[PDB]
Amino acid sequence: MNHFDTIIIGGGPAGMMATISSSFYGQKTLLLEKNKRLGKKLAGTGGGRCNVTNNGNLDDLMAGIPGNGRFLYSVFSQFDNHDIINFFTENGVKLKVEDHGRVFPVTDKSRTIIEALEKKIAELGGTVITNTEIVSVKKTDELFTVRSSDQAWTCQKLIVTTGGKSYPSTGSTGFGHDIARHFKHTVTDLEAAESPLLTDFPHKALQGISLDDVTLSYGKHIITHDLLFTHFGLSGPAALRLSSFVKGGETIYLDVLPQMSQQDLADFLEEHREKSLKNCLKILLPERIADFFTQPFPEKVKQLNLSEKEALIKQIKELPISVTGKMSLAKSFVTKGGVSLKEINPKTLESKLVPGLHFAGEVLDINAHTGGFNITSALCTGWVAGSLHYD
């Protein structure tokens, strides 16, 4: 029997969640996935630990989804980040919160998240067929026909959850945009968002250092968040966020101690005048950062003259960094752009052009910061798309 009430294409978080709600509402539901495994992209989020959502309040959630977050009022009125947390804990998955509201499985293993979702799908009678690339979708009368190279499936309701365009090696290569265009939907310009930065800097001096809530400035863009020094440049939220405003050739500025004024730092130094400059700074900064700034100066605080102190303080508060480029769309964490939201019903995620056609997840023209916000949108829009609505 190749006929289902609801067919979902793409088994990332949107598709898995859509399969669960579709089954929960009593639809006979089929999830088709290109890869052998579900949630291949999802599994690599949060350094492989799976940043499944964010525990913030409404203000935090909206701030975390700056690419059309407003569209989600109705979705979030039906299923939100607290429902995601509840769902996992109610199915015996223990969750924890880390910095900036980031939620993870306590196990620190993505398979904990993915297996719980599969288990729920099975328990609700959903069917999943993996290792099956869908290559065609068409609608005739009131039936969608979904085809691989090899087989055909039909349904009354189709949900497209095939992702965006970044990290195409995980399986997100744009098929959902093709389906959209086939049904005469507008797909907006697609472009990199949340892109690690390439810099011209001595990377080995600092690589692997993470800094908490430091400030990166370029023009009027001042971003305060965590920063990661990498072998090629900068990553972590502060760099990812600023990457929306730089593309190469710019000088950006780093303030490693945003909570201390230049005067506070001058007082700190005066109160530690008998000390080694590098050692006394360890209470404020990681040792490798203290090494970087203090290397060319005299060893003890009191051995610095006034010029040296002022020079050092300005370096700590305003380090110039030369940005040479940013990762391509393929090498970025999020796709900015997707199916035009004007053509989508925000309450149901149904196409305004073709009845029974739905989109959820990053295939839509919604983009968010890393830290759980894209996964939240995908899970929540998935849930809602899979739900039935009565009136």
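Residue positions are given as counts along the sequence shown, with the first one as 1.
For the pair 374-382 and 21-29, the mean Cα B-factor is higher in 21-29. On average the C-alpha atoms of 352-360 have higher B-factors than those of the other stretch, with 352-360 and 55-63 being the two compared. Highest CA B-factor among 81, 89, 279, 305, as stated in the entry: 89.
Across 100, 309, 317, 182, the entry's maximum B-factor at the CA atom is seen for 182.
In the deposited entry, the Cα temperature factor of residue 337 sits in the bottom third of values across the chain's modelled residues. The entry lists a Cα temperature factor for residue 73 that places it in the lowest third of the chain's modelled residues. The PDB entry assigns residue 267 a C-alpha temperature factor belonging to the middle third of its chain's modelled residues. Among all modelled residues in its chain, residue 134 ranks in the highest third by Cα B-factor. In the PDB entry, residue 283 places in the lowest third of its chain by CA B-factor.
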